[PDB]
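Chains as they are written, first to last, in PDB author numbering: chain A, 809 to 821, 841 to 858; chain B, 959 to 1007; chain C, 959 to 1007; chain D, 27 to 609; chain E, 461 to 609; chain F, 362 to 410. Note that the Cβ used here is the ideal one computed from N, Cα and C, for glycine as well. One structure is given here, and the rest of the page talks about it.
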Amino acid sequence: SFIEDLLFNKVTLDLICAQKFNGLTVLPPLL
Amino acid sequence: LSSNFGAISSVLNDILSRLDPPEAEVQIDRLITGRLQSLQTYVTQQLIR
Amino acid sequence: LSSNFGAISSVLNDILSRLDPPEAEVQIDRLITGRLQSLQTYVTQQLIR
Amino acid sequence: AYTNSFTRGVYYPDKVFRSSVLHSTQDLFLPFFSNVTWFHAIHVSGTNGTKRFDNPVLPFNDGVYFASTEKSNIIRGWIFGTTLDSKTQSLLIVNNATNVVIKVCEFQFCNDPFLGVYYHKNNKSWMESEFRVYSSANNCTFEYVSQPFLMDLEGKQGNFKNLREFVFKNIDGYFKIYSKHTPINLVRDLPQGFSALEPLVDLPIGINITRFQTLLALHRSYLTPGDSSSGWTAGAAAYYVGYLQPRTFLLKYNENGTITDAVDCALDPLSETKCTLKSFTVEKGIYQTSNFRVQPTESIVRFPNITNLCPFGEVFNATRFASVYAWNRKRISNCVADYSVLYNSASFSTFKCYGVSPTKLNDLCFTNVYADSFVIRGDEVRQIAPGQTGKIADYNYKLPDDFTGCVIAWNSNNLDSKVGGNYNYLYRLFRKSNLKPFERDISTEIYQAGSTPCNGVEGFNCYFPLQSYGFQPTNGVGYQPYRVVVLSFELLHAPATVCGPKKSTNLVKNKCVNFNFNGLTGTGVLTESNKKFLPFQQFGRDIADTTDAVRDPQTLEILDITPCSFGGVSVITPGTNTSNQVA
Amino acid sequence: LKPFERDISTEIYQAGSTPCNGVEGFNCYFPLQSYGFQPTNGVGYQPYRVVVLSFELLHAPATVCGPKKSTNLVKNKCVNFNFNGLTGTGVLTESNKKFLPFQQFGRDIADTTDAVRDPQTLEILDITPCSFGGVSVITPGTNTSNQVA
Amino acid sequence: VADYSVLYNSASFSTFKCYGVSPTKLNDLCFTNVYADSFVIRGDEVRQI
Ligand SMILES: *[C@@H]1O[C@H](CO)[C@@H](O[C@@H]2O[C@H](CO)[C@@H](O)[C@H](O)[C@H]2NC(C)=O)[C@H](O)[C@H]1NC(C)=O
Ligand SMILES: *[C@@H]1O[C@H](CO)[C@@H](O)[C@H](O)[C@H]1NC(C)=O
Ligand SMILES: *[C@@H]1O[C@H](CO)[C@@H](O)[C@H](O)[C@H]1NC(C)=O
Ligand SMILES: *[C@@H]1O[C@H](CO)[C@@H](O)[C@H](O)[C@H]1NC(C)=O
Ligand SMILES: *[C@@H]1O[C@H](CO)[C@@H](O)[C@H](O)[C@H]1NC(C)=O
Ligand SMILES: *[C@@H]1O[C@H](CO)[C@@H](O)[C@H](O)[C@H]1NC(C)=O
Ligand SMILES: *[C@@H]1O[C@H](CO)[C@@H](O)[C@H](O)[C@H]1NC(C)=O
Ligand SMILES: *[C@@H]1O[C@H](CO)[C@@H](O)[C@H](O)[C@H]1NC(C)=O
Ligand SMILES: *[C@@H]1O[C@H](CO)[C@@H](O)[C@H](O)[C@H]1NC(C)=O
């Protein structure tokens, strides 16, 4: 929606590669 | 992982490339107990959060 | 802070006044890991409460 | 032929009762349903088929499972050894009857590794004839002769009823033989009979074992028209060999206390799920057991091409070593230091060091090396040590507490103690302050003991600090001149120069290998690096202190290290009561 | 070599990467060099006679050890018993389940011995720490009374 | 006053070991009761005390 779009842009959630190589993975949510 | 924790180094590949098992096992024990303590702290914080 | 934790004393001023750095560092490491464990336990209890 | 192992490869690692526990053991086992090589020593029943005879050489890995199907005690014994010659010892086992006589004595019969059970005419029946095929001198150490007397062969042509399971594993110069016996039914393959192997024999042998051989008894009735050994039509025994693998089994005991069932931890993803969950009841749902780790393919070693021998011949034995109050600095730069001669030249009374280990000195590289050689008393040899407070040696020579490098000491009685008095060796006896490890106070002033200026005059409490050593030619044990030399191995990550040469394997990209850059034992893929590396040392780091970008010493190419494909398996399984298929 | 392997073989050494088959020349030396001993030499060159013992502490029926008093077995009484170093303190009973014909030692999940066998005889024994509970002082405040339960 | 400088000047001892105070800091430390036991032993017994 229009208001939902304004929310997914002001959070935004390589360091991720460094964590992945050391075994610190991030699972994806079911939903 | 960038913490000496009392050992003469901080990476597992530069301890076994310097010392022998009977003397490297104490350094590995130090490193592993330190890292296990850190990971347990992280897990406890994650559980509380 | 009044716990030996394995070291031959309980205060850091009576270890560096007896032993030398290369042999006092092991006693200090014992004391510091014990005290850090106690403080981490206190912090975890405070977080739960 | 080749077959699959159904219920074989399990033995009590360390015998404990273990009443009804699901133990997790790690030792040398045989993975289930793997290739087990059928050796069917059947008698050839046709005029066209080849004579089935199986006594081939089998390479001996770190462990070996053996199985013998049997009905008439045809298969008897086994033999080991590195090369089966007069140079290396060769074990052997003989089972001519119920008695179990064995040897370790090297007897060379490479042409005829056979055994003879010929049909005796006197009271004609199936008797044993030739239990001795040995044709060499012994020159051996161990012996064992067990003699429970019972003569039994009982030749038959029926189904193979008995089967003996063995495990021959050696480690630390010890040989362990696990054994168990089971009445089987099937004749063509291994039946589904599960049991473990109780240990029977442990022997100290101290011999490098790499090969393996077996003994078969081949001789038939005299009524056969021809040579009973060349022509034999009554042999039917078979045996199976399995190369043991380093596994991690999960062993489920029972109320009785024997291993009833077992599960691998790498056979199947559901097997790994049971390995992680520590039970045989895996319910529906996703499980996370391990990570998809790709093992390295090869092992790159990168040491500088040049092979200039470092001048270590003039640091150990020289004409004159300067005294302790003024020691020299031998800087060894940009050369190869082969420590094999430093191992061949083994005459050192005391050799200690607290940094690197002497085992890894050969396969390690150094960037800066400095040697300090001098001569000290017999009681001072223990006083050149980090942290060791010296009564007189703290003014003279101290070692850093962070010192890394090895010290060498040996008796210089034959070189530095002579009838010439050798008073040219001096040392400082007292000073107003104690020196720092790598500082030498070569200065020589007067000492103002007693708080009085003794400017130029040596009187009471004005003694000369630089006192000559009280050496004597061929003195007592505690006063001999000990000649020492210390090496300060600078382990700071700088371009390594002083070290021995190993093979310089060619660079390979996009293939993670167990590479080794001057001790950097990393296992990751290599790539070209876009970011310009430093003109200085060939080492790089990151937040986690795991090297990411390096540079080869031989070629100035900026290499990028990255651990190869790592992920995580997630066994998707329904209830094991419903099925065993997983995703 | 590895610790408990002895290379009794005596071959020729191909130092310098050349086959010295049967000939002792430059970089073809004999590996088996005799000790340069000397009758009553200096301190650093005297022959030292050594012997090492491998005390295999693996849990197997103990055979080689000094003699200690063999006290008679007692049932339903926890004692500070000692079976070949097993300094356990618990009651002893007969064991119903058949024990292994091998070593006199047993274990459980908590790595504390539960079933053993006697050295001198061949009777199975069950070990169990004796009556253990926990006190719980049920008390009112100090000033109202001192009697507890 | 136990001035250990002469005990450092007179340096002729084959074996000097201890597990408590360090010889570096023996000078700048104070003691309450000092008891000395002097005796003589074999050549193979020196490591045994
Ligand atoms: C034990 O025996 C094996 C026999 O296979 C030895 O392997 C030899 O290794 C040398 C050095 O690389 C090679 O030149 C030989 O060719 C190898 N033997 C064979 C038959 O190929 C091994 O070195 C011995 N020692 C140890 C500790 O394993
Ligand atoms: C055994 O080896 C054969 C090769 O002939 C192969 O086809 C088979 O997959 C292997 N494993 C089993 C269990 O048969
Ligand atoms: C032991 O094996 C026997 C087999 O005769 C069986 O009856 C029994 O249930 C098993 N368990 C125990 C504890 O005896
Ligand atoms: C070692 O040095 C001494 C000098 O005292 C010399 O006599 C001897 O020949 C040298 N040995 C070798 C192997 O270089
Ligand atoms: C001066 O030369 C002598 C002779 O080699 C040497 O022993 C001394 O260390 C040098 N330095 C001083 C300050 O005397
Ligand atoms: C010498 O260095 C070059 C440059 O990397 C390398 O390709 C070559 O293999 C080296 N020589 C040997 C004998 O390894
Ligand atoms: C298997 O077990 C699950 C869990 O109890 C159950 O829901 C299912 O009905 C069972 N299936 C069979 C065939 O027993
Ligand atoms: C040890 O004691 C057992 C049980 O009393 C007995 O059967 C055995 O013969 C004894 N062994 C001796 C006396 O050597
Ligand atoms: C202790 O005394 C107070 C009065 O000061 C009383 O109220 C209290 O009940 C007493 N403690 C108990 C346990 O009764």
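Chain D contact residues for residue i, given Cβ-Cβ distances below 7 Å
{"i": "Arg-509 of chain E", "result": "Residues of chain D passing the Cβ test: none, with the nearest at roughly 19 Å."}
{"i": "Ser-975 of chain B", "result": "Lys-386, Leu-390, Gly-545, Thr-547"}
{"i": "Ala-372 of chain F", "result": "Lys-417, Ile-418"}
Pairwise C-alpha distance: residue j and residue i
{"i": "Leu-277 of chain D", "j": "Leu-223 of chain D", "result": "13 Å"}
{"i": "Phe-816 of chain A", "j": "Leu-585 of chain D", "result": "39 Å"}
{"i": "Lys-424 of chain D", "j": "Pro-463 of chain D", "result": "4 Å"}
{"i": "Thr-500 of chain D", "j": "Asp-40 of chain D", "result": "57 Å"}
{"i": "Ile-105 of chain D", "j": "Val-534 of chain D", "result": "43 Å"}
{"i": "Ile-973 of chain C", "j": "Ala-982 of chain C", "result": "7 Å"}
{"i": "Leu-513 of chain E", "j": "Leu-229 of chain D", "result": "16 Å"}
{"i": "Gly-482 of chain E", "j": "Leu-141 of chain D", "result": "35 Å"}
{"i": "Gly-219 of chain D", "j": "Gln-183 of chain D", "result": "23 Å"}
{"i": "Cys-432 of chain D", "j": "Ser-60 of chain D", "result": "49 Å"}
Beta-carbon neighbours of residue i, restricted to chain F and to distances below 7 Å
{"i": "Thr-415 of chain D", "result": "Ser-383, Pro-384, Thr-385"}
Partners in chain D for residue i, counting only beta-carbon separations shorter than 8 Å
{"i": "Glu-981 of chain B", "result": "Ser-383"}
Partner residues on chain B for residue i, Cβ-Cβ distance less than 8 Å
{"i": "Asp-987 of chain C", "result": "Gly-964"}
{"i": "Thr-376 of chain D", "result": "The premise fails here: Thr-376 of chain D is roughly 18 Å from chain B at the closest Cβ pair, so nothing lies under 8 Å."}
Contact under 7 Å by Cβ, residue i with residue j
{"i": "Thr-315 of chain D", "j": "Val-47 of chain D", "result": "no"}
{"i": "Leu-118 of chain D", "j": "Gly-89 of chain D", "result": "no"}
{"i": "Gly-107 of chain D", "j": "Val-362 of chain D", "result": "no"}
{"i": "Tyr-204 of chain D", "j": "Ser-94 of chain D", "result": "no"}
{"i": "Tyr-248 of chain D", "j": "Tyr-145 of chain D", "result": "yes"}
{"i": "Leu-977 of chain C", "j": "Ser-383 of chain F", "result": "yes"}
{"i": "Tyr-38 of chain D", "j": "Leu-270 of chain D", "result": "no"}
{"i": "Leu-296 of chain D", "j": "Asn-606 of chain D", "result": "yes"}
{"i": "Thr-240 of chain D", "j": "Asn-87 of chain D", "result": "no"}
7 Å Cβ shell around residue i - same chain, five flanking residues per side excluded
{"i": "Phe-963 of chain B", "result": "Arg-988, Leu-989, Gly-992"}
{"i": "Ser-161 of chain D", "result": "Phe-133, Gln-134, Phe-135"}
{"i": "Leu-189 of chain D", "result": "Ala-93, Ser-94, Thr-95, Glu-96, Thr-208, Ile-210"}
{"i": "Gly-413 of chain D", "result": "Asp-427"}
{"i": "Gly-550 of chain E", "result": "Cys-538, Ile-587, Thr-588, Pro-589, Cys-590"}
{"i": "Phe-58 of chain D", "result": "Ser-31, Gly-35, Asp-290, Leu-293"}
{"i": "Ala-520 of chain E", "result": "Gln-563"}
Top-ranked residue by Cα proximity to residue i, from the options
{"i": "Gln-506 of chain D", "options": "D:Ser-438, D:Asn-460, D:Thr-478, D:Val-445", "result": "D:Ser-438"}
{"i": "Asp-574 of chain D", "options": "D:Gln-563, D:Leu-560, D:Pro-589, D:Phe-562", "result": "D:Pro-589"}
{"i": "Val-127 of chain D", "options": "D:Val-171, D:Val-341, D:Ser-71, D:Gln-115", "result": "D:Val-171"}
{"i": "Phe-168 of chain D", "options": "D:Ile-402, D:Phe-275, D:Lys-129", "result": "D:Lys-129"}
{"i": "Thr-250 of chain D", "options": "D:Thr-259, D:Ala-243, D:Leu-244", "result": "D:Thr-259"}
{"i": "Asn-317 of chain D", "options": "A:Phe-848, A:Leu-857, A:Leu-858, A:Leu-814", "result": "A:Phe-848"}
{"i": "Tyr-489 of chain D", "options": "D:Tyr-473, D:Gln-498, D:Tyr-279, D:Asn-74", "result": "D:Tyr-473"}
{"i": "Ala-344 of chain D", "options": "D:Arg-273, D:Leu-441, D:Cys-379", "result": "D:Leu-441"}
Cβ-based neighbour list, residue i, same chain, cut-off 6 Å, excluding 5 preceding and 5 following
{"i": "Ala-522 of chain E", "result": "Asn-544"}
{"i": "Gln-1004 of chain C", "result": "none"}
{"i": "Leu-461 of chain E", "result": "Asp-467"}
Listed by chain order, chain C residues near residue i by CB distance under 7 Å
{"i": "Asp-427 of chain D", "result": "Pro-979, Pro-980"}
{"i": "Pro-412 of chain D", "result": "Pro-980"}
Listed by chain order, chain A residues near residue i by CB distance under 8 Å
{"i": "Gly-594 of chain D", "result": "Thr-852"}
Chain B residues whose Cβ lies nearer than 7 Å to that of residue i
{"i": "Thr-1002 of chain C", "result": "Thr-1002"}
{"i": "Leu-1005 of chain C", "result": "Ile-1006"}
8 Å CB neighbourhood of residue i in its chain, flanking five on each side removed
{"i": "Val-407 of chain D", "result": "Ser-375, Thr-376, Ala-435, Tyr-508, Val-510"}
Closer than 7 Å at the beta carbon, the chain A residues around residue i
{"i": "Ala-570 of chain D", "result": "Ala-845, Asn-849"}
Beta carbon proximity, residue i to chain H, threshold 7 Å
{"i": "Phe-318 of chain D", "result": "No chain H appears in this structure, whose protein chains are A, B, C, D, E and F."}
Proximal residues of chain E, C-beta to C-beta of residue i below 9 Å
{"i": "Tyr-200 of chain D", "result": "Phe-464"}
Within chain E, the residues that residue i reaches when beta carbons sit closer than 8 Å
{"i": "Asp-40 of chain D", "result": "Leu-518, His-519"}
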